[PDB]
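A short write-up of the structure that comes next.
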Amino acid sequence: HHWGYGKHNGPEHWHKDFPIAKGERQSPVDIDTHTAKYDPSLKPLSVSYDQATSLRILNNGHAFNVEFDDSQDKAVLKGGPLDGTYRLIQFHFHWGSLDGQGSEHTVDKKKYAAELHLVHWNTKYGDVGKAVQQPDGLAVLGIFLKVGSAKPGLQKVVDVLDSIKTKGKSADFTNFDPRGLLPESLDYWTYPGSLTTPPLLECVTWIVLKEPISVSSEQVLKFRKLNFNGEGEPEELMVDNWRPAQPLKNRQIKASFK
Ligand SMILES: [Hg+2]
Ligand SMILES: [Zn+2]
């Protein structure tokens, strides 16, 4: 039936409905810091989120998305390995049932507690639907979360999770500033890949930040109280909504730092 993260419809089953799963540029991957090549020609990332307009937060089964108004160049990503402007459309997380797992990408096989994905689409294509059909349609900024001290800027997200506990629930979520979720350094690794959930389209330029952000045990705990199921259906905690590392194949991970 519908894909998920359970025993019978998890990541290992996705290929049956989405053949691209066994594709050539699938994500996530393991970042081997000793094999990633420092590329001196990579420009600094340019993150312009000062005019960001969040609109809503919703539980879509699978995860929770904070959506932004992408009708204009309000919140954009440029620079780095990117050509052109990419507008922020939404951000979501992937997390585990325990602090030792949850991230999708791994660094030298190390898994983090969770991973934040800020999804942007190339403005050249007019809309996200067209953008997904292109090799350079999307740019996703990945940030690792480790358990330690609380991240103040993440609390507004944490406090609203109660109202979107089950699949299909949404809540107005205005005036949230995404700049509060950024680490202080913007050093990164980049490689060409895909969406990590079906349809698993190979249209993503991945930008994974080296420096993780810290969140408290209590903050991550609230993520774990969400449900994959809808209201009235039997309860299945939304945990371990991450896809394991895929083979790198013919790809090279470049690093912006030496
Ligand atoms: Hg594509
Ligand atoms: Zn994601």
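Numbering starts fresh at 1 for the residues of each chain in the structure tokens, the chains themselves are lettered A, B, ... in the order given, and ligands are numbered from 1 as they appear.
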DSSP-assigned strand (DSSP E or B) members of segment 49-204 of chain A, reported as a ChimeraX atom specification: /A:54-59,64-68,76-79,86-95,106-107,110,114-122,138-147,170-172,188-193,204
Site check for ligand 1: residues at most 10 Å away, only C-alpha atoms and all ligand atoms, as a ChimeraX atom specification: /A:130-138,193-195,200-204
Selection above as a file: N, CA, C and O atoms, as a short mmCIF file (atom, residue, chain, number, x, y, z; two decimals), in the first residue's frame:
```cif
data_model
loop_
_atom_site.label_atom_id
_atom_site.label_comp_id
_atom_site.auth_asym_id
_atom_site.auth_seq_id
_atom_site.Cartn_x
_atom_site.Cartn_y
_atom_site.Cartn_z
N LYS A 130 7.75 21.92 -12.09
CA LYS A 130 8.63 21.87 -13.26
C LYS A 130 10.05 21.61 -12.78
O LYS A 130 10.78 20.81 -13.37
N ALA A 131 10.44 22.30 -11.70
CA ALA A 131 11.78 22.17 -11.12
C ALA A 131 12.19 20.73 -10.79
O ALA A 131 13.33 20.35 -11.04
N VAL A 132 11.28 19.93 -10.24
CA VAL A 132 11.59 18.53 -9.90
C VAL A 132 11.94 17.70 -11.13
O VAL A 132 12.63 16.67 -11.03
N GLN A 133 11.49 18.15 -12.30
CA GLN A 133 11.77 17.46 -13.56
C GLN A 133 13.16 17.79 -14.14
O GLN A 133 13.52 17.30 -15.22
N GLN A 134 13.96 18.58 -13.42
CA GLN A 134 15.28 18.99 -13.91
C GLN A 134 16.42 18.50 -13.04
O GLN A 134 16.28 18.43 -11.81
N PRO A 135 17.62 18.28 -13.63
CA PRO A 135 18.82 17.81 -12.94
C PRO A 135 19.27 18.79 -11.83
O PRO A 135 19.85 18.40 -10.82
N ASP A 136 19.01 20.07 -12.05
CA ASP A 136 19.38 21.08 -11.07
C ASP A 136 18.14 21.85 -10.59
O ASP A 136 18.21 23.06 -10.34
N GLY A 137 17.02 21.15 -10.45
CA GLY A 137 15.79 21.79 -10.02
C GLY A 137 15.74 22.18 -8.55
O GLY A 137 15.19 23.22 -8.21
N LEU A 138 16.30 21.34 -7.68
CA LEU A 138 16.27 21.63 -6.25
C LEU A 138 17.63 21.77 -5.60
O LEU A 138 18.62 21.23 -6.09
N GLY A 193 22.41 14.66 -5.98
CA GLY A 193 21.63 13.53 -5.48
C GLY A 193 20.14 13.57 -5.77
O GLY A 193 19.72 14.07 -6.82
N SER A 194 19.34 13.12 -4.82
CA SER A 194 17.90 13.06 -5.02
C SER A 194 17.09 13.36 -3.76
O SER A 194 17.65 13.60 -2.69
N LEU A 195 15.77 13.34 -3.90
CA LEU A 195 14.87 13.53 -2.76
C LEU A 195 15.06 12.22 -1.99
O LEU A 195 15.28 11.18 -2.62
N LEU A 200 11.47 10.24 -4.98
CA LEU A 200 12.93 10.02 -5.04
C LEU A 200 13.58 10.56 -6.33
O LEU A 200 14.57 10.00 -6.82
N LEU A 201 13.06 11.67 -6.83
CA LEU A 201 13.55 12.29 -8.07
C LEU A 201 15.00 12.76 -7.94
O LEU A 201 15.39 13.36 -6.93
N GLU A 202 15.82 12.47 -8.95
CA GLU A 202 17.22 12.85 -8.92
C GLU A 202 17.39 14.26 -9.46
O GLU A 202 18.00 14.48 -10.50
N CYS A 203 16.87 15.22 -8.70
CA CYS A 203 16.89 16.62 -9.10
C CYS A 203 17.52 17.55 -8.04
O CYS A 203 17.39 18.77 -8.13
N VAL A 204 18.26 16.97 -7.10
CA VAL A 204 18.82 17.75 -6.01
C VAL A 204 20.31 17.98 -5.91
O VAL A 204 21.12 17.05 -6.05
#
```
Can you pull out every residue within 10 Å of segment 109-119 of chain A, counting only C-alpha atoms, but drop anything in the same chain fewer than 3 positions away, and send it as a PyMOL selection string? chain A and resi 29-32+65-67+77+86-106+138-147+178+181+195+204+206-208+212-215+217+220+223+240-242+245
Have a look at A:63, A:211, A:27, A:57 and name the one nearest to residue 192 of chain A; count only C-alpha atoms. A:27
Mind giving me the straight-line distance from atom CA of residue 83 of chain A to atom CA of residue 22 of chain A in Å, one decimal?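 Computing the Euclidean distance for atom CA of residue 83 of chain A and atom CA of residue 22 of chain A yields 27.6 Å.
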